[PDB]
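Fold and geometry: a report
Listed below, chain by chain, are the residues.
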Amino acid sequence: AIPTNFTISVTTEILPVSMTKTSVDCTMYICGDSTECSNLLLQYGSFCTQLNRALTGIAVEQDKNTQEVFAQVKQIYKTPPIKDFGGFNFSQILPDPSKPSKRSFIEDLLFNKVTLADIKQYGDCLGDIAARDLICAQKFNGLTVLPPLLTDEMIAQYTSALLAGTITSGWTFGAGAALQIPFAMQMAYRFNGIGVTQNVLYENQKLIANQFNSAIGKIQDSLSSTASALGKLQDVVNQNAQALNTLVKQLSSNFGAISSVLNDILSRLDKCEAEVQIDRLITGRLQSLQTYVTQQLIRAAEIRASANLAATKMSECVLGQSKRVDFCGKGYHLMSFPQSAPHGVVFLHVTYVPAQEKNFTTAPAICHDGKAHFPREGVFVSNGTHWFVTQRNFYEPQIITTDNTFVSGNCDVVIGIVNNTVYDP
Amino acid sequence: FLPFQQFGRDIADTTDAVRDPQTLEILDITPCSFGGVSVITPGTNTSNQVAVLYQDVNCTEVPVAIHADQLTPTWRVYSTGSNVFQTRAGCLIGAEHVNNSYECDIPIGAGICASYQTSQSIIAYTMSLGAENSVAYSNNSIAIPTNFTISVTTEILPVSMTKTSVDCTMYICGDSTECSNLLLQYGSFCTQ
Amino acid sequence: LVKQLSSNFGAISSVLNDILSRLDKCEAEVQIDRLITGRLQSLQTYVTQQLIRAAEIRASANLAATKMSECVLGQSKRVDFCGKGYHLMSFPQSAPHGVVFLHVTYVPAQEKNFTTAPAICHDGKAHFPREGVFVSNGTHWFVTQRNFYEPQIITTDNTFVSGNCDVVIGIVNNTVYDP
Ligand SMILES: *[C@@H]1O[C@H](CO)[C@@H](O[C@@H]2O[C@H](CO)[C@@H](O)[C@H](O)[C@H]2NC(C)=O)[C@H](O)[C@H]1NC(C)=O
Ligand SMILES: *[C@@H]1O[C@H](CO)[C@@H](O[C@@H]2O[C@H](CO)[C@@H](O)[C@H](O)[C@H]2NC(C)=O)[C@H](O)[C@H]1NC(C)=O
Ligand SMILES: *[C@@H]1O[C@H](CO)[C@@H](O[C@@H]2O[C@H](CO)[C@@H](O)[C@H](O)[C@H]2NC(C)=O)[C@H](O)[C@H]1NC(C)=O
Ligand SMILES: *[C@@H]1O[C@H](CO)[C@@H](O[C@@H]2O[C@H](CO)[C@@H](O)[C@H](O)[C@H]2NC(C)=O)[C@H](O)[C@H]1NC(C)=O
Ligand SMILES: *[C@@H]1O[C@H](CO)[C@@H](O[C@@H]2O[C@H](CO)[C@@H](O)[C@H](O)[C@H]2NC(C)=O)[C@H](O)[C@H]1NC(C)=O
Ligand SMILES: *[C@@H]1O[C@H](CO)[C@@H](O)[C@H](O)[C@H]1NC(C)=O
Ligand SMILES: *[C@@H]1O[C@H](CO)[C@@H](O)[C@H](O)[C@H]1NC(C)=O
Ligand SMILES: *[C@@H]1O[C@H](CO)[C@@H](O)[C@H](O)[C@H]1NC(C)=O
Ligand SMILES: *[C@@H]1O[C@H](CO)[C@@H](O)[C@H](O)[C@H]1NC(C)=O
Ligand SMILES: *[C@@H]1O[C@H](CO)[C@@H](O)[C@H](O)[C@H]1NC(C)=O
Ligand SMILES: *[C@@H]1O[C@H](CO)[C@@H](O)[C@H](O)[C@H]1NC(C)=O
Ligand SMILES: *[C@@H]1O[C@H](CO)[C@@H](O)[C@H](O)[C@H]1NC(C)=O
Ligand SMILES: *[C@@H]1O[C@H](CO)[C@@H](O)[C@H](O)[C@H]1NC(C)=O
Ligand SMILES: *[C@@H]1O[C@H](CO)[C@@H](O)[C@H](O)[C@H]1NC(C)=O
């Protein structure tokens with residue numbers, strides 16, 4: 001069965017690249033604002049020097065996780081003012097200059113589909129506190145969320161540079177300096193990559209372009225329909241917030257003390273007896289902080305794995321063409337287009353998918369006059385009467401010829417060989 | 001506050017609202033300190049100068065947020081001055097804002113990076129994303145390489161870390177037999 | 001881990017000998033139990049952190065093994081998997097607790113502009129190159145390999161024909177040499 005047509009399918013896959021950087025203050029979390037408790041916490045200071053190290057190790061890592069995913073190329077390319085790509089339309093993915101930022105349409109849709117309910121200006125919390133904002137409680141308990149190093153506009157600039165390089169130079173900009181190439185010729189290179197001769201592209205270029213454009217449209221309404229697709233990223237947000245909330249809730253435990261309120265202990269008991277109770281509370285809250293930091297390290301490792309995968313996909317599919325099966329979309333990979341998303345990346349893998357198969361009769365070789373003929377590249381296909389050489393991924397039959405095939409020995413040992421003449425120019 | 005209530009408590013169980021017994025009004029208690037102060041510094045053996053980034057505060061209201069009135073005079077210099085600079089992350093004190101852009105030396109955040117430059121001081125600038133290079137494009141123009149370079153790059157990868165073993169007995173219980181006897185019931189933990 | 005042995009953990013002292021010399025076994029056992037619990041907690045924290053770092057190192061070592069297989073023992077077509085540029089070879093070098101790969105790569109150096117066309121209409125039939133592209137220095141056209149400027153005259157063996165020359169967008173007129 002040989003395909004006689006194709007479809008240009010655009011598949012969207014989302015990968016979390018980083019998570020919210022966080023910092024913790026032992027002193028104001030455990031021993032809120034009392035000097036009596038904080039004096040007892042000095043002997044445990046080493047433990048915090050561990051904790052503040054580990055969280056710091058996470059925070060820097062997240063910045064690195066973004067960098068190695070987006071800072072592949074340090075040459076910030078700009079798309080040309082003229083959009084002449086052989087009928088291909090990149091408006092929905094290229095930057096839109098009519099916005100304060102450079103986010104494309106698809107990037108805007110992705111951003112609007114993730115909440116990211118986190119900046120609260122310290123001073124708003126000192127005002128309308130009766131609303132009981134979660135972030136205000138976190139900030140009063142010493143749980144601060146550091147901001148990402150790379151601003152969203154800057155990540156969008158990196159994505160725009162990658163897109164411009166990909167469409168204006170193909171993979172040549174990945175392996176050093178960018179080199180010009182008309183987009184149709186680039187697509188011809190890609191088609192040669194997947195094992196279908198380039199002559200089909202120029203014979204169906206408009207159609208292909210139309211299909212590509214249609215596929216892009218199918219992404220837009222798909223991203224503007226429901227937010228479930230970005231569930232990978234939203235979870236990565238929500239979970240982190242969940243953890244912080246749990247931490248605050250975990251301050252409501254006695255841990256064997258007479259009460260969970262430090263001031264209550266210091267008001268009922270004196271320094272005579274309050275020291276043991278405060279020590280119990282300190283040990284419990286330090287254990288809670290250790291649990292939080294360990295869970296954060298687990299999640300940081302998971303996010304590092306995801307970001308390494310994202311960087312590999314950026315290198316092997318955006319900057320090149322991947323021959324790995326299913327690595328970049330279902331089908332035969334042609335290109336990829338990156339799109340920034342909150343704490344993640346989105347890949348639009350465009351793929352060649354054969355569409356209309358058709359039954360055919362084939363033989364492994366052709367015996368012309370004793371010698372067996374094997375095709376240089378392709379298969380022998382018969383429509384019922386004659387035979388032709390056809391490329392594997394497309395139905396482009398042509399008459400058997402001495403240059404289409406090569407001879408190897410006599411035609412007695414090959415099982416399934418048939419009888420036919422071969423044209424000799 | 002219902003008439004039988006005097007103290008209000010938040011999710012953390014720490015009292016936050018109190019009914020003042022003398023004047024029958026409700027007052028809220030908030031921490032007199034806060035977290036978010038970050039110290040930016042070149043490595044000592046270079047200089048003792050430092051900058052201070054206060055997170056999620058305008059530098060107009062830093063004195064009340066930090067309560068600079070009760071702080072030492074050495075802290076008040078970092079509360080207000082001519083080196084005030086605002087960022088999306090927060091606002092920065094002790095660093096001179098520079099419109100020029102360089103590579104990131106000491107990342108601050110929100111695309112702002114700091115460095116120690118020249119009279120030596122600390123500058124804070126919006127980091128650059130590398131060289132700007134527009135690429136020509138035409139529907140009938142290509143670029144072909146006529147020459148090449150054989151470039152040898154190096155990359156290092158960790159393979160293993162130090163194998164380590166721990167003796168519970170001599171760590172927890174140096175040489176006392178009493179402690180070693182008391183540690184038997186926790187053997188299931190140590191064997192883990 | 002060594003430094004964390006200087007914590008009371010709620011005991012009267014962080015030294016077993018002080019507790020055992022001030023208190024008899026009557027009251028010393030509760031203090032020693034508190035110390036044991038705290039030090040066991042410290043050991044568990046250390047072991048958990050070591051497991052995290054071991055996971056990191058295992059990921060790095062899996063990557064190193066994959067690089068050794070796919071670049072030292074072969075030629076990797078994956079882009080930027082082994083150095084920047086097109087991969088030629090790789091040489092390993094042991095280092096303490098790690099490996100160092102020397103990735104020798106091919107990087108095109110000096111680029112030249114050339115006017116190109118997707119195909120060539122010889123006498124109505126369009127010609128497409130087998131391996132290369134059509135490049136014109138201004139007057140004539142040549143088939144050149146993509147990664148190096150090695151022009152050669154258009155020829156029937158260099159190219160192949162498929163259909164008339166009206167459907168291709170951007171085709172140009174030229175002759176093809178027939179040996
Ligand atoms: C290959 O598949 C495409 C699917 O689009 C076919 O193009 C469609 O053909 C029908 C009938 O002519 C039209 O109604 C549609 O408008 C076309 N769609 C597009 C996007 O162009 C194409 O005809 C098929 N080619 C072959 C040889 O079967
Ligand atoms: C590429 O696709 C868009 C469809 O989204 C084409 O039409 C434009 O769509 C945007 C949507 O906001 C409108 O603002 C424009 O007014 C539309 N312009 C036109 C001429 O229809 C767009 O035309 C396509 N690109 C090209 C070069 O045709
Ligand atoms: C393909 O061609 C060859 C010769 O042209 C055929 O070989 C003959 O087959 C018949 C039947 O077995 C024999 O009686 C002849 O002696 C063979 N002649 C030669 C020169 O080999 C062969 O049969 C043909 N293939 C098929 C399936 O018929
Ligand atoms: C291609 O590049 C190499 C260098 O990368 C050129 O070789 C140099 O040529 C100049 C002049 O002949 C010499 O001064 C250098 O010593 C050469 N360098 C080396 C390492 O050999 C080479 O000439 C270039 N070839 C072309 C066609 O441009
Ligand atoms: C390429 O070759 C074809 C065949 O010779 C040219 O076809 C005709 O050329 C004459 C003048 O040389 C024109 O009057 C005709 O209009 C052409 N035929 C058609 C259908 O247009 C063709 O002109 C050549 N291509 C170019 C761009 O000149
Ligand atoms: C090809 O032939 C088989 C057997 O008759 C049949 O089951 C199958 O549906 C056919 N496929 C097409 C595309 O005709
Ligand atoms: C098979 O192909 C040949 C050449 O195109 C044609 O003459 C013949 O009619 C075709 N036969 C069938 C059954 O399609
Ligand atoms: C293919 O299968 C059929 C049925 O088993 C058999 O008759 C035929 O000999 C097979 N083809 C060859 C070359 O043996
Ligand atoms: C005494 O208590 C009453 C009732 O709380 C209050 O109105 C008053 O202000 C307080 N002070 C004096 C001097 O009465
Ligand atoms: C703080 O700075 C921001 C800048 O947009 C401004 O919106 C806000 O009103 C300022 N708040 C105060 C109290 O100055
Ligand atoms: C830097 O940019 C600001 C924009 O408000 C401008 O006011 C200032 O004059 C500039 N300073 C220099 C040295 O360019
Ligand atoms: C190739 O052409 C473009 C536009 O004409 C030009 O910007 C570029 O510099 C040229 N390449 C070289 C190496 O000069
Ligand atoms: C282009 O190449 C041909 C090769 O014969 C040469 O004759 C001609 O002078 C060259 N023209 C230019 C502008 O380089
Ligand atoms: C290529 O671009 C030029 C000007 O931009 C235009 O005149 C010409 O029609 C275009 N040709 C093709 C095949 O796109």
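Side note on the overall build of chain B
When you go through chain B residue by residue, the secondary structure sums to five helices and 13 strands. What you see for chain B is a C-alpha radius of gyration of 29 Å, clearly larger than the 16 Å of a compact globule of 192 residues, by over 25%. Referenced to the eigenvectors of the C-alpha coordinate spread, the extents of chain B come out at roughly 85 × 60 × 45 Å. Per-residue burial for chain B yields a buried fraction of 35% across its 192 residues. Total accessible area computed for chain B in this model is approximately 11,400 Å², and 53% of it derives from carbon and sulfur atoms. Between the averaged position of the 5 positive side-chain charges in chain B and that of its 17 negative side-chain charges there is a distance of 6 Å.

Description of the interface of chain B and chain C
With 38 residues of chain B at the interface, the matching set in chain C holds 56 residues. Approximately 4,300 Å² of surface area, both sides summed, lies buried where chain B meets chain C, with 66% of it carried by carbon and sulfur atoms. Where chain B meets chain C, there are 17 residue pairs in polar contact. Put simply, the parts of the chain that give the side of chain B that touches chain C at least two residues each are β12 (141–145), β13 (148–158), α3 (168–172), α4 (177–182) and α5 (187–191) of chain B.

Remarks on the UniProt feature "disulfide bond" in chain B
All names here are of chain B. In this structure the UniProt-annotated cystine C168-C190 is intact, with an S-S distance of 2.0 Å. Of the two residues, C168 sits in helix α3 while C190 sits in helix α5, which places them 22 residues apart along the sequence. When its relative accessible area of 14% is taken as the criterion, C168 is described as buried. Classification of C190 as partly exposed rests on a relative accessible area of 25%.

Side note on a nonpolar patch on the surface
Together, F148, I150 and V152 of chain B together with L88, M89 and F91 of chain C line one region of the surface with nonpolar side chains, adding up to about 540 Å² of accessible area. Secondary-structure elements contributing two or more residues to the nonpolar patch are β13 of chain B together with β1 (86–95) of chain C.

Side note on the interface of chain A and chain B
By a widespread convention, an interface's size corresponds to the accessible area lost as its parts come together. Residue-level contacts link 45 residues of chain A with 44 residues of chain B. Between chain A and chain B the total buried area reaches about 4,100 Å² when both faces are included, carbon and sulfur atoms providing 59% of it. Among the residues chain A hides against chain B, the three largest losses belong to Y122, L149 and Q180 of chain A. Together they make up 17% of the total. Taken together, chain A and chain B are joined by three salt bridges. Linking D56 of chain B and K139 of chain A is a salt bridge whose minimum nitrogen-to-oxygen distance equals 3.0 Å.

Topic: the pattern of salt bridges
Going through the model one piece at a time under the given rule, you end up with 16 salt bridges over all chains. Between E68 of chain A and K64 of chain A there is a salt bridge whose closest N-O contact spans 3.8 Å. Note that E68 of chain A and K64 of chain A are positioned in helix α3 (residues 45–70) at a spacing of four residues, about one turn of the helix. The class of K64 of chain A is partly exposed, set by a relative accessible area of 38%. Here the residues in one salt-bridge network are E316 and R324 of chain A together with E70 and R78 of chain C, joined through shared partners.

Focus: helix α7 (residues 183–193) of chain A
With respect to burial, α7 of chain A is a largely interior element, nine of its 11 residues being buried. The secondary structure elements touched by the buried residues of α7 of chain A are α6 (152–169), α8 (199–223), β4 (332–335) and β6 (344–354) of chain A, β12 of chain B together with β6 (133–136) of chain C. Two residues or fewer after α7 of chain A comes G195 of chain A, characterised by a positive phi angle close to 90°.

Examining the sheet that holds strand β8 (residues 96–97) of chain B
Residue and element names in this part refer to chain B. Spatially, four strands are ordered β8-β11-β10-β9 in an open sheet, and the strand pairing comes out mixed. With one partner strand each, in any of the chains shown, β8 and β9 (106–109) form the two edges of the open sheet. As paired elements, β8 and strand β11 (residues 121–126) share two bridges and run parallel to each other. Residue pairing across strands places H97 opposite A124, the latter belonging to β11.

A short note on the environment of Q138 of chain A
All names here are of chain A. Looking at the secondary structure, you find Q138 in helix α5 (residues 134–140). The spatial distance from the C-alpha of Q138 to the C-alpha of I417 is 77 Å, given a sequence separation of 279 residues. Contact partners of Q138, with chain neighbours within four places excluded, come to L143, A241, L244, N245 and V248.

Brief notes about the side chain of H127 of chain C
Residues and elements named next belong to chain C. With respect to the element layout, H127 can be found in strand β5 (residues 125–129). A polar contact is formed between the side chain of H127 and the side chain of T159, at a distance of 3.0 Å. Those residues in contact with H127 that lie beyond four places of it in its chain are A119, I120, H122, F134, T159, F160, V161 and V176.

Things to note about the packing of helix α4 (residues 105–112) of chain A against α8 of chain A
All names here are of chain A. Where α4 meets α8, the axes come as close as 10 Å, and the angle between the chain directions of the two elements is 25°. As the angle between them shows, α4 and α8 are arranged roughly parallel. Along this stretch, α4 crosses α8, giving a crossing that reads as left-handed. Note on element contacts: α8 touches α4 through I219, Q220 and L223, opposite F105, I106, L109 and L110. Tallied by class, residues from the contact of α4 with α8 come to six nonpolar, one polar and no charged.

Brief notes about the state of the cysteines
Scanning the model with the defined rule gives 11 disulfides over all chains in all. Sulfur-sulfur distance for the disulfide between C367 of chain A and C411 of chain A comes to 2.0 Å. Between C367 of chain A and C411 of chain A the disulfide shows an S-S torsion of about -55°. By sign, it is left-handed. Of this pair, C367 of chain A sits in strand β8 (residues 366–367) while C411 of chain A sits in the loop between β13 (405–410) and β14 (418–419), and the two are 44 residues apart along the sequence. Note on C367 of chain A: relative accessible area 10%, which makes it buried. The disulfide that involves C173 of chain B links it to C179 of chain B, with 2.0 Å between the sulfurs. Residues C173 of chain B and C179 of chain B share a disulfide whose torsion about the S-S bond is about -60°; that sign makes it left-handed.

So, the packing of α7 of chain A against α8 of chain A
Residue and element names in this part refer to chain A. Running from N to C, α7 and α8 cross one another at 115°; their axes reach a closest spacing of 11 Å. Of the two elements, α7 crosses α8, and the hand of that crossing is right-handed. Each of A184, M185, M187, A188 and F191 in α7 lies in contact with α8, whose residues at this interface are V200, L201, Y202, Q205 and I208. Per-class residue counts for the contact of α7 with α8 are nine nonpolar, one polar and no charged.

Thresholds, definitions, all that
- Residues numbered from 1 in each chain as written, not as in the entry; some residues may be left out.
- Chains lettered and ligands numbered in written order.
- Part of a larger assembly, values for the part shown.
- Heavy atoms only, no water.
- Helix = DSSP H or I, 4+ residues; strand = E, 2+ residues; numbered from the N terminus.
- Rg over C-alpha atoms; globule rule 2.2 N^0.38 Å.
- Buried < 20%, exposed > 50% of the residue type's maximum accessible area, 1.4 Å probe, protein only.
- Areas by Shrake-Rupley, 256 points an atom, 1.4 Å probe, with all protein chains shown as cover.
- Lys, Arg positive; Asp, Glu negative; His and termini not counted.
- Charge placed at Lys NZ, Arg CZ, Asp CG, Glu CD.
- Contact = heavy atoms within 4.5 Å.
- Buried area = accessible area lost by both parts, 1.4 Å probe.
- Polar contact = N/O pair within 3.5 Å; in protein donor to acceptor, adjacent residues only side chain to side chain.
- Disulfide = S-S within 2.5 Å.
- UniProt positions renumbered as here; feature names shortened; annotations may be inferred.
- Patch = residues over 30% accessible without salt bridge, like charges linked within 9 Å, V, L, I, M, F, W, Y side chains within 5 Å.
- Salt bridge = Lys/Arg side-chain N within 4 Å of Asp/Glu carboxyl O.
- Pairing = 2+ DSSP bridges.
- Axes fitted to C-alpha atoms, helices over the stretch in contact; angles between N-to-C directions.
- Parallel < 35°, antiparallel > 145°, perpendicular 65-115°, else oblique.
- Left-handed = near helix turned anticlockwise from the far one by under 90°.
- Nonpolar A, V, L, I, M, F, W, Y, C, P; charged D, E, K, R; others polar.

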